[PDB]
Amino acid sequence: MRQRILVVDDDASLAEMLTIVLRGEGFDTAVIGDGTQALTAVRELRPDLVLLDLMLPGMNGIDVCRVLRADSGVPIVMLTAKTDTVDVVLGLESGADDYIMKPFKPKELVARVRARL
């Protein structure tokens, strides 16, 4: 079976782009736009890696990271924008393995994803 990446971002357009690009790189993808549905998604989907937007509707990325981190050791990479008010390092401390600045070169994102797997 191919590796699975769960994308948790409220940016539907960006998520579609990640879907296409990641799928093009040989991965399978699933998308959720809300933090509250992340735990269930992870438990059900069983993703190899989670790409997690730091600022989300419902639960925020740091909060989501904690819950996920509590459930398992699945790798989490934060997606963060320079605009974001919350500090991404806080997310790393909550257990995320890495982070990426938005917007990004898809090529760079895939590489980092491959590196944290």
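When you see a residue number, it is the position in the sequence shown, counting from 1.
Two stretches are in play, 79-87 and 28-36, and the higher mean C-alpha B-factor belongs to 79-87. Look at the mean CA B-factor for 88-96 and for 46-54 in the entry; the higher one is 88-96. Taking the PDB entry at face value, the top CA B factor among 110, 8, 117, 1 belongs to 1.
For the set 65, 59, 74, 41, the PDB entry assigns the largest Cα B-factor to 59.
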